[PDB]
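Handing you a structure now.
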Amino acid sequence: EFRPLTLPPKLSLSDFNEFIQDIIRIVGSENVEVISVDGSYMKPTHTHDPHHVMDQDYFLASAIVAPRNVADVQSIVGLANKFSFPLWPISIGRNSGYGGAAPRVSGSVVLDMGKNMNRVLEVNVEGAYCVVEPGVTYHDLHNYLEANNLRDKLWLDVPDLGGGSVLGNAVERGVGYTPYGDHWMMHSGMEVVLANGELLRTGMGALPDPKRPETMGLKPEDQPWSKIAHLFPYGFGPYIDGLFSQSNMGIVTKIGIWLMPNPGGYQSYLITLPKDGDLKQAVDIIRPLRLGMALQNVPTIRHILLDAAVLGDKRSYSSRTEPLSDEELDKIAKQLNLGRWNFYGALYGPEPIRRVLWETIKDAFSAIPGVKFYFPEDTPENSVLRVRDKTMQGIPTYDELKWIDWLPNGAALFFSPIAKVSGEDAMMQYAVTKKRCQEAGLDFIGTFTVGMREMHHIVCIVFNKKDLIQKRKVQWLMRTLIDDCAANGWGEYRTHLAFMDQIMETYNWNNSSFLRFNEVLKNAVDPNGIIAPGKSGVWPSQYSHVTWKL
Amino acid sequence: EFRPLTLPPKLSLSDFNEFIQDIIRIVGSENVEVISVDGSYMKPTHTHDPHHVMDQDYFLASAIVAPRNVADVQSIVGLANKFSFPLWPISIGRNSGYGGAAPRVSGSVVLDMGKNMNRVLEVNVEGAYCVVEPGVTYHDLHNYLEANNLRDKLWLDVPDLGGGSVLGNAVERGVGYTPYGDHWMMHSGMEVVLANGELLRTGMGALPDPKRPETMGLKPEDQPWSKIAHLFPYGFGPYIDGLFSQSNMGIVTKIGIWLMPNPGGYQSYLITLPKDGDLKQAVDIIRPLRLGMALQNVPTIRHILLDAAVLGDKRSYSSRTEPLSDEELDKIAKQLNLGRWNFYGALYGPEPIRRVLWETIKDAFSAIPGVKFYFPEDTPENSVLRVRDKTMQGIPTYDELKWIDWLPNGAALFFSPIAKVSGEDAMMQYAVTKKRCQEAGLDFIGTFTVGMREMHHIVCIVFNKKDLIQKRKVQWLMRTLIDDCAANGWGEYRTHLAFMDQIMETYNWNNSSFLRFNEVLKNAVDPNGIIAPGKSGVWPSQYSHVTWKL
Amino acid sequence: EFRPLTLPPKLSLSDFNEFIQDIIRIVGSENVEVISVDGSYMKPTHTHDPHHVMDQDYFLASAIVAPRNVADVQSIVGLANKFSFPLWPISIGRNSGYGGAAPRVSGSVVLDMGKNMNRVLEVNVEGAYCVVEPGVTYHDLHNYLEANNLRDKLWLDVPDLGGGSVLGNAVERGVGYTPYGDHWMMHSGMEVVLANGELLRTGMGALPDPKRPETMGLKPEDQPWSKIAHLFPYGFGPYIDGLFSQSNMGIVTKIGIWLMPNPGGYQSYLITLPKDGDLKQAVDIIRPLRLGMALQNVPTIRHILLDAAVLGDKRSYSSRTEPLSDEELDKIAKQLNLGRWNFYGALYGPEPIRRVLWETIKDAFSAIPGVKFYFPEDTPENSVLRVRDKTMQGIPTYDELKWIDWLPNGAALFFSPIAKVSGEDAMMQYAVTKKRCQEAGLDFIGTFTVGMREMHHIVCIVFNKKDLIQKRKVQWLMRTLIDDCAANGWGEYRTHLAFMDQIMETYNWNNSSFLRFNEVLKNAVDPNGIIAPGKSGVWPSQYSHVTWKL
Ligand SMILES: Cc1cc2nc3c(=O)[nH]c(=O)nc-3n(C[C@H](O)[C@H](O)[C@H](O)COP(=O)(O)OP(=O)(O)OC[C@H]3O[C@@H](n4cnc5c(N)ncnc54)[C@H](O)[C@@H]3O)c2cc1C
Ligand SMILES: Cc1cc2nc3c(=O)[nH]c(=O)nc-3n(C[C@H](O)[C@H](O)[C@H](O)COP(=O)(O)OP(=O)(O)OC[C@H]3O[C@@H](n4cnc5c(N)ncnc54)[C@H](O)[C@@H]3O)c2cc1C
Ligand SMILES: Cc1cc2nc3c(=O)[nH]c(=O)nc-3n(C[C@H](O)[C@H](O)[C@H](O)COP(=O)(O)OP(=O)(O)OC[C@H]3O[C@@H](n4cnc5c(N)ncnc54)[C@H](O)[C@@H]3O)c2cc1C
């Protein structure tokens, strides 16, 4: 195709046309689409942000290209370096609340790795790992284990939804809820296409599999990996793996992710905390238990509107347009059999071990008046606990998508700071965020996900995407929250395309030493600045800061 | 001082003299030493390799410089960039078996960070972490916890000896034996002086501590850290921390290391395996247990000569000059009440939990004929179990230094490949290594340290450092082992100065893609190539490969 | 001399020594001083900041050099470009509250232009202007006019003290209180030594004086100026004069400043405003009057503690260590016969004209209850009005120096934002600043100086320079005020050395477009970055931002 809505920087329409003809001959007309529709979670869009906080077409691809295999990504990168065409690689494109599949720089080709590079490459039982391509979603990996009956020996670790990409999510350093919840720390052995187009394998993946007749003459992408590749992630020398997470330093084509053995015993549970103020005592209680491993997985503390929004839109609970009152939150809590805060967790391992920990957990949460303990069986058929019971054993579900429908044309945007695992800090973060949410006219909706020495506080901002006034309030909100949390010593761990610059500007100790160093690294490996310029605030030097920053 | 034995590359005697007068005025004559003695573990040398496999003066400093603080490192870096003088930073300089304090390039200044930058900067109880400077040895951190009575709340994780540096060891990705044994994975928040001399803090350390009257006007090195700096290592954007382990990308001035809470119950144990061939069954047994966490710490599988060498030199068991026979190893085993292989481990937590796991461990090791189970009380006063009982609870000891005295002027050199956690692989690596040791005329001495999905096999080569014939056999051995292990799909995780190029050459998948990328990074950040050139085989472009590689 | 406390960046001791011997042979040993004392207003220091907010030696010269004439500055510039030595030019060095004579970069040579380049070059009566060198203080220019009896034809315009430099103050865009109070707007024709060392004259000064026998053979610095040089500032083409105010783009050697003709009638006056809240009504009143020119000069609105501090230290009014209360300020007001706010002004011209405006002023201020009107005769012998009566007619005094002695070892630091000429805005800025001063534990002390469409609000922070705790609170205060005022839409017009980067960061519309442009200009004209690097936050490219910004 001939004429796109937006062309990448400094590129002419003829270069665009030459380039797109070049890619079409490499991958076929069925794997290329020129943009000359927000869609669904089911068939995500790959052209722009479906949960658009800015105008819909603000972050817009000029074309979508689907490589057939690693060789095609090498050729595409060569082309982009020839024409200076920025690429924006995506795996599944479901980064909802974070920009979706939209590029930071409009005019970029969205590189759709996941359409054709789909394979579950290996599932290794003795080493309890899997190797995967960008296109394997959590649902797909689950089906792979089920079809081969591997569920009895190995379990997966999934986020709240099941359509996301195992590799995609892990390179963003996403989180899950079993004891393998720290996705990025469970990796070992990644394959990357560098900006120069050279293939590179990290860790023990750089120690080549010894030659043998059966693997002679295979292209590098197609070679097997040496025995320790997916078992010990460090290899030898500088450990460069992290340069590839939340970065623009390369295109990840394959990754090994460690899988937990069936634990031989499982029990999910829900602890309802009656009062809004019970967050403080609960976190204080969670601290020592999470450090000493009575709390085995990544347990969450859900605010009552998160659960309420899973079960029904705002219209179903109130006809109010403004934020529900405190008294109304107590009525919704009572209506659903939940507290104002709901703690979700799971015990793993043999009964004798589950028993002891469970009594420790129970006994410690008993200092909170009115606490109530439930197992999935004890709750209604449509409960969040019955969904999270599946979630905390690695089974993918889609039920929790429903909270995005809290409002009319509900879109999501995530404010994601990190808090200490302390009631004092958690209340304070809450207090800060709640106050700005109410100034903005939005219900506070959020969850804390409990890590070992930190909690990821996901404030779920939901707004009407067809309401220009509220979109502007969301943007006012997000920007102020960033600043306020920064003034209180808290940083966000992951964000949307429009907030990357502002969030990187917050990590400016010693006059921005941290981004300068990233900048130095980036321009050495991408001298044409073709790999997703702007991702995380890191700009190659051909992208003036005055022009491009937000 | 005026005239060093060796000058760094391309530097004149006059530039050397100017430089050293420049350093003397910054740090004082007491903190600078010109080299115009192997020493002890007690007072390590900082001029060369005390366990010299090459000639003693092969790797030699021109001078030793001890910065007083971070400002001094900054100024020293500026001078090195002015004169193009290569710096070799050390923390404690006890990297015995790995080159000690010796620089890869002779003529380099050895930067002694540990003499004056010694401080335990902070021990945080609620967050269960500590922040430290290069000079805090494990023994020092231990004493710090004892003086303040923190041992009841927090434990350390130590390597076999206690004199090493907490930071030094951790940036080498060193290993320990409690559940916090993956030293590098326990870090969060590092401070680094870049090659350009700029101070940088990683992760959440880049999110500055909010201003307040009490901290106004403090030099950047002296500023407090924001609340989440030592609690969540990822921060935001590219996770660049790993670029600083086993690298020459920076000079680490401070690091945060997560500390394990007193577990409320501890019991070490020893499981003796009668036969040489029992390794295989044992590892096959260890696999599922380690994966399902019945084995909580990093348990080890010591070969009988390791324990034997701790208890007495070779002269005490035989007057032989050649390797002890198999029949002799069985006699030494019997004499000491140990098997041919000895498995050391520890159970953590409340009694009810220790009980269940201990029965699971017992029962699974029972499939090996003649297995015997000991607690420290059950063994003699000089046993390795009573020493390692301390070691698996983070208490520092120095007893295990005695195996370096197996031979007359015993020096150590470590051959450190990684193996799958499988009887088959472990036997095979053992077979390969044992064969080459006997060809070399040396006793096989070693340990396997059990990681989750891998084992670190430390073959401990001990030789007479005053025996030129054997030193040459050591070098013949090491180099052949590298190749043999590489030809069987195994790579080493850490190595000595003289083997770094050969070991990086082994991680050459796709025509050395991994080292080219490291080179690209290094020359961007060190355009004068003044930070430890050659470390891990990574050479700045001013250091011709033909000239410098070994 | 041989060994300075601090050397400029990247310079060796030997280059320093060579350089200083080179300068000594150009200007003599009497004109050069190596720094191997805070002093007084009378004999200002030229080595560091006498009103030090940071440690005393924080901003420190390596040497002081006093050029004999323009040729000497040219040669000094050549040497600095040869050695890359940063120069910090000063005229008188009395920039008290703004860093004094201290360089932004420590190690810089302080260039003392005023010691030897002292001359009143010309006082032209028909054109009502004067031409001056860096060393002509206002007191000196005053004496020059008196000696020749020119006071009857021409008046000066002075700042609160008389020792400052006419040129120095003017290139800082300093303010005065007659109708000629916008010092920078009264200039026409400047002479500058560029960074490359070339002499340049601006405006009509670029149109050379026609040749004539009497001026043949004169060095360029010594040539007369063409007739219109000091009469029309614009010249032809780009008007580049402003690139030389509050900048590091050149070294100003001579300037022409327009002088007001004796007005043929003068009467100063004081209007006391009883209440703290009367600021608002007063400013609302001042607005139309200032715009329609009933208020002819630059009238000021002094806070009661400013006048109180001129008359006696804090010990004389209270023995309190904390801020005086509101009730105490009313008592001090009553004691001195002043309001809580005191408006000082002056009427110029023939009696008939003074009469009419004076009735217009009186009548409009009459809407404020309790207002009282004084002429100098009506007040006591030690009043501020009798001092400012002199000040509003261009006569230099030193009386107002006494407010710096409010506290024990009182030092001054100025927080200088701009406010709209509106009661609403003025109160609001006052509210913001007063709140932060009380949190800091300091008395609020300040003045508003009334411009045509804006007011310069000088918050005069006075602190004990030997009190480390309060110095830190001063720094905490200053930095928070900057941010607070920025968050309310107000920027500072001038600042001290330690706040320059933070204040330039505030003028960051469109991703700092304004400073990028300044950077581009500066590196073209100073490729060695030797003229006052860092002045106003503008850094030559050899000065890494990470390293140098505060
Ligand atoms: C209701 C809801 C719930 C969510 N719950 C969770 C949760 O529990 N945990 C969680 O972590 N997230 C959660 N998310 C956030 C996000 O939706 C998921 O993390 C999702 O899996 C991320 O998208 P993806 O991995 O499918 O898609 P992708 O669009 O592939 O996103 C990948 C992103 O990482 C980079 N990237 C991806 N692939 C590559 C590659 N091959 N090479 C280089 N860079 C690459 C790019 O920066 C890109 O923007 C949730 C979102 C919603 C809407
Ligand atoms: C008998 C014996 C037993 C051992 N047992 C163990 C064991 O169980 N586990 C284990 O891991 N090791 C073991 N070691 C190996 C090694 O001796 C220890 O890891 C020791 O702690 C490493 O030295 P160090 O950390 O004190 O000293 P250092 O000499 O400080 O070594 C640090 C090294 O890392 C780098 N480095 C250090 N500090 C910095 C800095 N500030 N900035 C930049 N780079 C830096 C340099 O490359 C340097 O060579 C053993 C050694 C012997 C002789
Ligand atoms: C009690 C008190 C009251 C004050 N009242 C006033 C007031 O009413 N109005 C006011 O404006 N200020 C006031 N000031 C602020 C300041 O003290 C005066 O402006 C003073 O005249 C400025 O110093 P200077 O001009 O003598 O000295 P200098 O130290 O000469 O300062 C000149 C500055 O401008 C630059 N500069 C000077 N000469 C040159 C040159 N030749 N070439 C290039 N750059 C040059 C440099 O950046 C330098 O730092 C006051 C200060 C105090 C302590």
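In order, the residues displayed for chain C correspond to 6-41, 47-560 in Swiss-Prot numbering, which applies throughout.
Per the header: X-ray crystallography, 2.4 Å.
Even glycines carry a Cβ here, placed using N, Cα and C.
Here's the feature list from Swiss-Prot:
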ACT_SITE  C:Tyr108  active site
ACT_SITE  C:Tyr503  active site
ACT_SITE  C:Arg504  active site
DOMAIN    C:67-272  domain 'FAD-binding PCMH-type'
SITE      C:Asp170  site 'Important for the catalytic mechanism'
When the Cβ positions of the recorded positions C:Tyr108, C:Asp170, C:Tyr503, C:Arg504 are compared with the atoms of ligand 1, which fall under 6 Å?
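If the test is a Cβ under 6 Å from any atom of ligand 1, the answer is none.
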Are there recorded positions among C:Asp170, C:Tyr503, C:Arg504 that sit within 10 Å of C:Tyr108 (active site), Cα to Cα? If so, list them; otherwise say none.
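Candidates kept after distance check: C:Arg504.
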Of all the active-site residues given, C:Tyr108, C:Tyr503, which residue's CB has the most CB neighbours within 10 A?
C:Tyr108
Please list, in sequence order, those recorded positions from C:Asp170, C:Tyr503, C:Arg504 with the Cβ less than 6 Å from ligand 3.
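Cβ < 6 Å from ligand 3, in sequence order: C:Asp170.
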Including all protein chains shown, what's the count of other C-beta atoms within 10 A of the C-beta of C:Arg504 (active site)?
19
So how many other Cβ atoms are close to C:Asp170 (site 'Important for the catalytic mechanism'), meaning within 10 Å of its Cβ?
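Around the Cβ of C:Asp170 (site 'Important for the catalytic mechanism'), 23 other Cβ atoms lie within 10 Å.
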Given C:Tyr503 (active site) and C:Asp170 (site 'Important for the catalytic mechanism'), what distance in Å do their CA atoms have, once rounded to a whole number?
17
Cα-Cα, whole number of Å: C:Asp170 (site 'Important for the catalytic mechanism') versus C:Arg504 (active site)?
16
